[PDB]
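Chain by chain, the residues run as shown.
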Amino acid sequence: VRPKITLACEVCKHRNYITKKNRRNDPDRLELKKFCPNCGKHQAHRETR
Amino acid sequence: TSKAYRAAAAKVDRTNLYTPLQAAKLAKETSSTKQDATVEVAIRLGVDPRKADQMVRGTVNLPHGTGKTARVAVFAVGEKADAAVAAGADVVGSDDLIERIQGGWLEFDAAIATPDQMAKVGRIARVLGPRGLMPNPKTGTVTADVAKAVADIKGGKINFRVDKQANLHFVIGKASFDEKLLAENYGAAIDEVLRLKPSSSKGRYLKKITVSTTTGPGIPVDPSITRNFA
Amino acid sequence: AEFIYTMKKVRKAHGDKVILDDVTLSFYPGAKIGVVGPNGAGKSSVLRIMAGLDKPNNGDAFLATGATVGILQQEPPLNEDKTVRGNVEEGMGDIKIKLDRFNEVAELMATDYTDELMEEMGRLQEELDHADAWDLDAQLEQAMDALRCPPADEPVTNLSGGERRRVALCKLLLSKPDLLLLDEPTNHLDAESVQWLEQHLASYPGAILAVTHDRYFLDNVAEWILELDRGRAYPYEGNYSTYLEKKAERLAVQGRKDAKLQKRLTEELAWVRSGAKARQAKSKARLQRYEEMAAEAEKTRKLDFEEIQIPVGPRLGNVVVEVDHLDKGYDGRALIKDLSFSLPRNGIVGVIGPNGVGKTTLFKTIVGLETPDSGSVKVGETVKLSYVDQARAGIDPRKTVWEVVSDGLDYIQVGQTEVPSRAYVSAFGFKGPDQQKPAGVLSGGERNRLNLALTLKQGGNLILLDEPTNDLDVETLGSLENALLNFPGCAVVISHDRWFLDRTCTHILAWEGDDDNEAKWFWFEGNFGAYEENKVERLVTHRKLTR
RNA sequence: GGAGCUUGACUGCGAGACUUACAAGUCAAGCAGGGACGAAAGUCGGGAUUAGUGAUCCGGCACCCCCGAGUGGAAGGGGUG
RNA sequence: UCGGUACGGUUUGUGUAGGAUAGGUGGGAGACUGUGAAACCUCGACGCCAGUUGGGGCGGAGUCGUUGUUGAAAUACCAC
Ligand SMILES: Nc1ncnc2c1ncn2[C@@H]1O[C@H](COP(=O)(O)OP(=O)(O)NP(=O)(O)O)[C@@H](O)[C@H]1O
Ligand SMILES: Nc1ncnc2c1ncn2[C@@H]1O[C@H](COP(=O)(O)OP(=O)(O)NP(=O)(O)O)[C@@H](O)[C@H]1O
Ligand SMILES: [Mg+2]
Ligand SMILES: [Mg+2]
Ligand SMILES: [Mg+2]
Ligand SMILES: [Mg+2]
Ligand SMILES: [Mg+2]
Ligand SMILES: [Mg+2]
Ligand SMILES: [Mg+2]
Ligand SMILES: [Mg+2]
Ligand SMILES: [Mg+2]
Ligand SMILES: [Mg+2]
Ligand SMILES: [Mg+2]
Ligand SMILES: [Mg+2]
Ligand SMILES: [Mg+2]
Ligand SMILES: [Zn+2]
């Protein structure tokens, strides 16, 4: 019900963060704006599949 | 045609892999004389034409001619239009040939144009498209040197292009030639098929091969012969 | 025989509801597979794996080299351009911009340098002979006359429900992929277009997967039948009359195996409460077998089925709907011309017609959302209607399914009675924590089921249903037609399911238009089986689509 | 209790402490990158606080290209998550 | 006896227009005439309203195409 998801960058596709969502409340993918250490700037992160 | 002409089909053995020298011998005494038959070559390649990179497409320059009228149409203006009619082309068109083709007149074999003339031919190429009469810049037909291409049509350029089901088709010359002269045009083509072999072709590249006239049945040929066509 | 698609140890699960668990199967060209299963089995989730949209949890579900894939979603999308521009985005998708580049270089290369652009008009010209795109105009003009599409220069907003599926079938059947993925292709189509799609999918080079709930489209297009049970997939051959035998047999042996497991528990639960006697001990081995038999008796609770229950409205009078010389039209085309009927009381009226003839515009003059051109509609003071369009408000894609039936409220009015909202959505199948599924993740069998929850809470005595037999399996389709016979009001049903109007109908309204009139209708006092007999007393070559 | 915009529910570190047999557990100003909010001062390394969890071994995955059993590769190992 | 592979013979394909049932590519002006060129009739094969051909008139006269027509593409015949 609260699975562990990993968030990947939408430019270089590194998996930088792991977190938890709720699968019934957020059925779609999580888009956040986190800081990628590869790119050096805050960029759009999205779940994996 | 289960007829009396099938006595010509009795000499060729269907399980005897002949040579390219004995292919031209059986080509003569199978065809009748009332037609001046043309000797054909059908090659079943080992390529998969679904992938785009395995598309065997190219030309050849036959060193002994083919025995063909070789009707030429030329899109040219200026001295280019006068160089083609001095080269030996019967129909040397111009920008007015836009009207003559689409009115129901395609009495030519291969087109020759400068890149300046191709601006107004390609719109008319709706009807020249699937017939293979369209100009193709890889075979020297779309260039500035429009003079030597006319003689090479008379020289014996043959355009081979593999079909959807992996078959080649190729003419080598008329049946009034010699036995030793057909195998010299024949061996000049397999040398030019192996140059255009795709690099991603799995298996044996030249699987089954056969030679026939316009009316005679097939003559099985040896794929392992790639050097000794003399 | 080189394959098209393979699956290796694929397991996809949405938490507690598994869709696949360790499946492995291969799809070879020339296969004609029809995939069946009840609602909630996972049929549309398997086809989104095979289209490259979704991805499995683990396992390797990949594709053969080359072998492009085209999917028809169960609610297919369209663009906002014309019908002739709607078909070029698939089938002529990548090949129109090669045609839109070769005509560009027909004047750009003349005024520019002719050595790099010489081959740029060359390798385009090598991609116009094996694909044969020199006559791309008339290839569109054939593929519209095969599906009998609407004309070229009209928007795709004011189309039918079946005209929006005829224009989406023409997109995929121009691509000719090596793996079709048809998710309910025969929805909203008439008997002419489904008969077309049977003969087209017969001669078709490539694998065809088609999830269908009906039984007569499948026996003409599919020879192999795949099933989706609770996780597992059971491939075999047959003609869907043997699917319903083997499905009802798996539940037969499972019923008298879970029952034998149940009596083993009560003989064992009596042991674990029996109390340890003198210094001999109760064995820890038998305590551990009971605690593992109690767990395998809990992963078997599968019986959850509630009948569709239509609320009765108030008492209905003698005039239900009166129609006197109705005319309706949007342009110079006329749809309804000189129509006079009067809807009965306590019956079922079936509406018959092919696609784009005006069945849904007929409902919108009765509810008043349209306006008659000439003649009137008269309702009557006892009539309270019940009707919701498919397009004006419908559903909202991020509100949950509980707050679409309700509006965030606890108790709702279904017509002069108070029922709880969660006791109302649970009467329509949505039970447990599935009541928080938003409308975007609902499947087609529970979007049709949600749409019945919105229409029937209005408590009417004249219900108007536009194709209720849309994406429902045979278990709940029989449950719906049971509730239309125990209904004390008038129900009007538009459908194309020929074997649903044959079962529960008492009056037939049908389009009998021919060449000189094209807009006349016909009222018949009797069922659909007797209308076919009366049809013949009053009173084809398959179009190819390719070459 | 309510509303506006948002992702700091960060990356590289962390002087100095509480607790403690060991293993662990806990707090931390402040410096830098790159951001959010705010006119600024500033606050933000999840939640008013303290429960919502499991050592090591052996494995899985993505990334870094660190070793590569004659040499060039690869297999397998290694680092960070 | 029932299956697989290899090789070979015969066969199979109907939009919309076009004498009408045009599979794909190349060759091609002639293919055949010890017969179904005409020619009817019966019988066996397939089916979209016809093309498949075991032969009875028998071996004597003319059928098909190259022309024109329609269309994205042509008609015989052969080769793969
Ligand atoms: N607003 C509109 N403006 C113009 N034409 C319309 C409009 N709405 C519908 N039409 C046309 O009216 C015809 C019939 O409409 P409609 O009643 O929706 O048919 P239908 O019965 O729903 N077809 P179907 O339900 O799929 O079997 C079609 O040609 C539509 O394109
Ligand atoms: N993203 C998701 N998150 C959670 N649950 C989901 C999600 N997608 C689908 N589901 C659930 O899983 C089921 C799978 O849908 P699915 O059975 O593939 O549709 P379907 O089989 O085509 N229904 P039907 O067309 O009537 O047969 C849905 O009915 C939902 O209950
Ligand atoms: Mg939310
Ligand atoms: Mg579905
Ligand atoms: Mg409708
Ligand atoms: Mg966290
Ligand atoms: Mg420290
Ligand atoms: Mg800072
Ligand atoms: Mg600011
Ligand atoms: Mg801080
Ligand atoms: Mg707390
Ligand atoms: Mg140990
Ligand atoms: Mg080494
Ligand atoms: Mg490695
Ligand atoms: Mg580190
Ligand atoms: Zn990044």
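Parameters at a glance
Residues numbered from 1 in each chain as written, not as in the entry; some residues may be left out. Chains lettered and ligands numbered in written order. Part of a larger assembly, values for the part shown. Heavy atoms only, no water. Helix = DSSP H or I, 4+ residues; strand = E, 2+ residues; numbered from the N terminus. Buried < 20%, exposed > 50% of the residue type's maximum accessible area, 1.4 Å probe, protein only. Contact = heavy atoms within 4.5 Å. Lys, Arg positive; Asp, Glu negative; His and termini not counted. Charge placed at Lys NZ, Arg CZ, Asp CG, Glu CD. Donors = N, O, S within 2.8 Å, 3.2 Å for Na, K, Ca; no water. Near = heavy atom within 4 Å. Polar contact = N/O pair within 3.5 Å; in protein donor to acceptor, adjacent residues only side chain to side chain. Nonpolar A, V, L, I, M, F, W, Y, C, P; charged D, E, K, R; others polar. Buried area = accessible area lost by both parts, 1.4 Å probe. Salt bridge = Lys/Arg side-chain N within 4 Å of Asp/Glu carboxyl O. Areas by Shrake-Rupley, 256 points an atom, 1.4 Å probe, with all protein chains shown as cover. Domains from an automatic or database assignment. Pairing = 2+ DSSP bridges. Axes fitted to C-alpha atoms, helices over the stretch in contact; angles between N-to-C directions. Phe/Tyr/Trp six-rings, centres within 6.5 Å; stacked < 30°, edge-to-face > 60°. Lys NZ or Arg CZ within 6 Å of the ring centre and 35° of its normal.

As documented in the archive entry, the model was determined using cryo-EM at 2.97 Å resolution.

Q: Could you clarify how one ought to interpret the overall build of chain B in this entry?
A: The number of helices and strands found in chain B is 7 helices and 9 strands. Seen through its C-alpha atoms, chain B measures out along the principal axes to roughly 55 × 45 × 35 Å. Looking at chain B residue by residue over its 230 residues, the buried ones come to 46%. Put simply, of all contacts in chain B between residues at least 6 apart along the chain, 72% involve residues at least 24 apart. On chain B, the mean spot of the 34 positive side-chain charges and the mean spot of the 24 negative ones are 8 Å from each other.

Q: In this structure, what is going on with the coordination of the magnesium ion (ligand 4)? I would like to understand it.
A: Tetrahedral coordination by four donors puts the ideal angle at the metal at 109.5 degrees, and octahedral coordination by six puts it at 90 or 180 degrees. Residues and elements named next belong to chain C. Looking at the metal site, the magnesium ion (ligand 4) is ligated by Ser44 (OG), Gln74 (OE1) and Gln74 (NE2), spaced 2.1 to 2.8 Å from it. With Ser44 in helix 1 (residues 43–49) and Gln74 in the loop between strand 7 (69–72) and helix 2 (83–87), this pair connects stretches of sequence that are 30 residues apart. The same class applies to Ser44 and to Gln74, which are both buried.

Q: Mind showing me how you'd approach the protein's contact with RNA strand E here?
A: With respect to spatial proximity, 28 residues lie near RNA strand E, and among them B:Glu40, B:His169, B:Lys208, C:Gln142 and C:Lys544 are the closest. Expressed as a percentage, the sugar and phosphate content of the atoms of RNA strand E within 4 Å of the protein is 72%. Separating a phosphate oxygen of RNA strand E from a side-chain N or O atom of B:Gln35 is a distance of 3.1 Å. Within the backbone of B:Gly216, one N or O atom sits 3.3 Å away from a sugar or linking oxygen of RNA strand E. Contributing elements (two or more residues each) for the surface near RNA strand E: strand 1 (38–45), strand 7 (168–174) and strand 8 (206–212) of chain B. Element by element, the count of residues in the surface near RNA strand E is highest for strand 1 of chain B, at 3 residues. A class-by-class count of the residues in the surface near RNA strand E yields 6 nonpolar, 12 polar and 10 charged.

Q: Could you clarify how one ought to interpret the interface of chain C and chain A in this entry?
A: How big an interface is tends to be stated in terms of accessible area lost as the parts join. On the chain A side, the residues contacting the 9 residues of chain C number 4 residues. Each partner contributes to the roughly 600 Å² buried at the junction of chain C and chain A, and carbon and sulfur atoms together form 52% of this total. Our count for the chain C to chain A interface comes out at 1 salt bridge. Notably, a salt bridge pairs A:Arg49 with C:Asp54, separated by 3.4 Å at the nearest N-O pair. A breakdown of the residues in the side of chain C that touches chain A according to their chemical character gives 3 nonpolar, 3 polar and 3 charged.

Q: When you look at the protein's contact with RNA strand D in this model, what are you seeing that I'm missing?
A: Residues and elements named next belong to chain A. Close to RNA strand D lie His14, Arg15, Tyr17, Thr19, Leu32, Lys33, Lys34, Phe35, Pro37, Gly40, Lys41 and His42, which account for all nearby residues. Counting only atoms of RNA strand D within 4 Å of the protein, the sugar-phosphate share comes to 88%. Here a sugar or linking oxygen of RNA strand D sits 2.4 Å away from a polar atom, N or O, in the side chain of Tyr17. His42 is positioned with one of its side-chain polar atoms (N or O) 2.7 Å from a sugar or linking oxygen of RNA strand D.

Q: Can you help me understand the site of ligand 2 in this one?
A: Residues and elements named next belong to chain C. Residues in contact with ligand 2 amount to 17 residues; listed here are only the nearest, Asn39, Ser44, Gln74, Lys437 and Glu446. In this structure, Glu446 approaches ligand 2 through a side-chain N or O atom, which is 2.9 Å from an oxygen atom. Summarising the interface, the protein chains cover 89% of the accessible area of ligand 2, which totals 630 Å² for the free molecule.

Q: Just to check I follow, could you spell out the site of ligand 1 for this structure?
A: Residues and elements named next belong to chain C. In the region of ligand 1, 18 residues are neighbours, and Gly162, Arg333, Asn355, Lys359 and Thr360 sit closest. Residue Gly161 places a main-chain N or O atom 3.4 Å away from an oxygen atom belonging to ligand 1. In isolation ligand 1 has 630 Å² of accessible area, and contact with the protein removes 83% of it. Element by element, the count of residues in the shell around ligand 1 is highest for helix 12 (residues 359–366), at 3 residues. When residues of the shell around ligand 1 are assigned to domains, at least three map to each of domain 1 (5–246) and domain 2 (285–539).

Q: For this particular structure, what's the right way to read the arrangement of the chains?
A: Counting contacts across all 2 pairs of chains that touch, the top pair turns out to be chains B and C. With respect to C-alpha atoms, chain A approaches chain B no nearer than 30 Å, and the pair has no contact.

Q: When you look at the sheet that holds strand 7 of chain B in this model, what are you seeing that I'm missing?
A: Backbone-to-backbone hydrogen bonds pair the strands of a sheet. The strands run either parallel or antiparallel. All names here are of chain B. Across the sheet, 4 strands lie side by side as 7-1-8-9; this open sheet has antiparallel pairing. Two strands bound the open sheet, and with one partner strand each, they are strand 7 and strand 9 (219–220). Strand direction decides the pairing type here: strand 8 and strand 9, joined by 2 bridges, are antiparallel. Counterpart to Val211 in the pairing with strand 9 is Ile219. On top of the sheet, helix 7 (residues 179–195) reaches strand 1, strand 7 and strand 8; it is set at about 155° to strand 7, its chief contact.

Q: Would you mind going over the pairing of strand 21 (residues 507–511) of chain C with me for this structure?
A: Within a regular strand, side chains alternate between the sheet's two faces. All names here are of chain C. Of all the 5 residues making up strand 21, 5 are buried; the element is thus mostly covered by neighbouring parts of the structure. Residues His507, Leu509 and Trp511 point to one face of strand 21 and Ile508 and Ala510 to the other, with burial holding for every one of them. In this sheet, strand 21 lies alongside strand 14 (residues 348–352) in parallel orientation, the contact comprising 4 bridges. Note on strand 21: the bridge partner recorded for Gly350 is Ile508. Two strands pair when backbone bridges link them, and strand 21 and strand 22 (residues 521–525) are joined in this way by 5 bridges, in the antiparallel orientation. Bridge pairing in strand 22 places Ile508 opposite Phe524.

Q: It is not clear to me how the domain arrangement of chain C should be interpreted in this structure. Could you clarify?
A: Residue and element names in this part refer to chain C. Taken as a whole, chain C is organised into domain 1 (5–246) and domain 2 (285–539). Distance from the C-alpha centre of domain 1 to the C-alpha centre of domain 2: 30 Å. Taken together, the contact between domain 1 and domain 2 spans 17 residues of the former and 17 residues of the latter. Roughly 1400 Å² of surface becomes buried between domain 1 and domain 2 when both sides are summed, with 42% attributable to carbon and sulfur atoms. Contact with domain 2 buries area across many residues of domain 1, yet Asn39, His188 and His213 alone supply 32% of it, more than any other trio. Between domain 1 and domain 2 we count 0 salt bridges in total. Counting across the domain 1 and domain 2 interface gives 6 residue pairs in polar contact. Split by residue class, the side of domain 1 that touches domain 2 holds 4 nonpolar, 7 polar and 6 charged.

Q: What is the right way to read the packing of aromatic side chains from this model?
A: Aromatic ring pairs: the centre-centre distance and the angle between the two ring planes describe each pair. Residues and elements named next belong to chain C. Tallied over the full model, the rule gives 11 aromatic pairs over all chains. Between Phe3 and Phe62, the ring centres sit 6.5 Å apart and the planes meet at 75°, which makes this aromatic pair edge-to-face. You can see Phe3 sitting in the segment before strand 1 (5–11) and its partner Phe62 sitting in strand 6 (residues 58–63), a full 59 residues away along the chain. With relative accessibility at 37%, the residue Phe62 sits in the partly exposed group. A connected cluster of aromatic rings, assembled from ring pairs, spans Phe522, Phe524 and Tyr531. Cation over ring: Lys246 sits above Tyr236, and NZ or CZ is 3.4 Å from the ring centre. Its guanidinium or amino end placed over the ring of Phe522, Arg538 lies 3.6 Å from that ring's centre, counting from NZ or CZ.

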